[PDB]
Amino acid sequence: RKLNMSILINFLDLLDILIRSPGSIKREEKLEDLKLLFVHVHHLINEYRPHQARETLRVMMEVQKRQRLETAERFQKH
Amino acid sequence: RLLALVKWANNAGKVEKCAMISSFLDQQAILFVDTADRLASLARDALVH
């Protein structure tokens with residue numbers, strides 16, 4: 001939530017820092033800075049996937065028990 | 001020809017001003033596109049990785 005405002009404000013600050021100083025070197029560090037920010041969002045977002053991956057595992061264990069009971073009861077009925 | 005040269009000799013200021021102004025814009029023009037290119041390059045390659 002904090003990173004989003006910063007990249008956006010920088011985008012807006014990079015828009016007018018060109019006019020405030022065209023020949024200044026800091027514009028390419030801002031792009032790089034922008035690139036660094038891009039490296040960060042993807043890096044931070046990827047944090048969720050391992051936890052997400054773990055959740056997928058539980059249903060497989062869970063669904064079979066939901067399936068095995070049905071087979072046993074059906075067999076008993078037959 | 002010599003007379004034309006020596007008449008233009010004092011009229012070498014405004015042409016130089018126009019030339020340097022055009023170069024400034026041209027020099028600047030390479031810079032805006034380069035920045036745009038960098039942004040374009042990053043989306044295409046950095047995002048994918």
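Residues numbered from 1 in each chain as written, not as in the entry; some residues may be left out. Chains lettered and ligands numbered in written order. Part of a larger assembly, values for the part shown. Heavy atoms only, no water. Residues with missing side-chain atoms left out of burial classes, pairs and counts.

Per the PDB record, the structure was determined using cryo-EM to 3.7 Å resolution.

The header of this PDB entry states its title as "The IDRc bound human core Mediator complex".

Visitor: Which residues make up the interface of chain B and chain A, and what are the values?
Guide: Counting residues at the interface gives four residues for chain B and four residues for chain A. Grouping the amino acids of the side of chain B that touches chain A by side-chain chemistry returns three nonpolar, one polar and no charged. (Contact = heavy atoms within 4.5 Å. Nonpolar A, V, L, I, M, F, W, Y, C, P; charged D, E, K, R; others polar.)

Visitor: Before we move on, could you go through a nonpolar patch on the surface and cite the residues and values that matter?
Guide: Together, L3(A), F38(A), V41(A), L44(A), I45(A), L39(B) and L47(B) make up an exposed nonpolar region whose accessible area comes to about 540 Å². Sort the elements by how many residues they give to the nonpolar patch and helix α2 (residues 26-45) of chain A lands first, with four residues. Within the secondary structure, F38(A) is located in helix α2. (Patch = residues over 30% accessible without salt bridge, like charges linked within 9 Å, V, L, I, M, F, W, Y side chains within 5 Å. Areas by Shrake-Rupley, 256 points an atom, 1.4 Å probe, with all protein chains shown as cover. Salt bridge = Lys/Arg side-chain N within 4 Å of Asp/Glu carboxyl O. Helix = DSSP H or I, 4+ residues; strand = E, 2+ residues; numbered from the N terminus.)

Visitor: Before we move on, can you summarise the pattern of salt bridges with the specific residues and values?
Guide: All names here are of chain B. Going through the model one piece at a time under the given rule, you end up with four salt bridges over all chains. Between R38 and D34 there is a salt bridge, and its shortest N-O distance comes to 3.3 Å. With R38 and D34 both in helix α2 (residues 13-46) and four residues apart, this pair spans about one turn of that helix. Judged by relative accessible area, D34 falls into the partly exposed class, the value being 37%. The network of salt bridges with common partners includes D34, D37 and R38. (Buried < 20%, exposed > 50% of the residue type's maximum accessible area, 1.4 Å probe, protein only.)

Visitor: Tell me about the environment of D37(B), and please be specific about residues and values.
Guide: Residues and elements named next belong to chain B. Among the structural elements, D37 can be located in helix α2. Residue classification places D37 among the partly exposed residues on the basis of a relative accessible area of 38%. Taking the C-alpha atoms as reference points, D37 and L5, separated by 32 residues in sequence, lie 44 Å from one another.

Visitor: Quick rundown of the side chain of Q28(B)? Include the residues and the values.
Guide: When you line up the elements, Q28(B) lands in helix α2. By relative accessible area, which is 7% here, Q28(B) ends up buried. When neighbours within four sequence positions are excluded, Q28(B) is seen to be in contact with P22(A), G23(A) and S23(B).

Visitor: Lay out the packing of helix α1 (residues 2-20) of chain A against α2(A) with the relevant residues and their values.
Guide: Residue and element names in this part refer to chain A. Running from N to C, α1 and α2 cross one another at 160°; their axes reach a closest spacing of 11 Å. One way to sum up the angle between α1 and α2 is to call them roughly antiparallel. Judged by the twist between their axes, the crossing of α1 over α2 is left-handed. Here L3, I7 and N10 of α1 lie close against α2, whose contacting residues are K30, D33, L34, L37, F38 and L44. (Axes fitted to C-alpha atoms, helices over the stretch in contact; angles between N-to-C directions. Parallel < 35°, antiparallel > 145°, perpendicular 65-115°, else oblique. Left-handed = near helix turned anticlockwise from the far one by under 90°.)

Visitor: Provide a residue-level description of the side chain of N10(A), including the pertinent values.
Guide: With respect to the helices and strands, the residue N10(A) is situated in helix α1. Under the relative-accessibility criterion, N10(A) is labelled buried at 12%.

Visitor: Before we move on, can you summarise the environment of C18(B) with the specific residues and values?
Guide: All names here are of chain B. Mapped onto the secondary structure, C18 falls in helix α2. Look at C18 and you get exposed, because its relative accessible area is 54%. Spatially, the C-alpha atoms of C18 and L3 are 24 Å apart, while their sequence positions differ by 15 residues.

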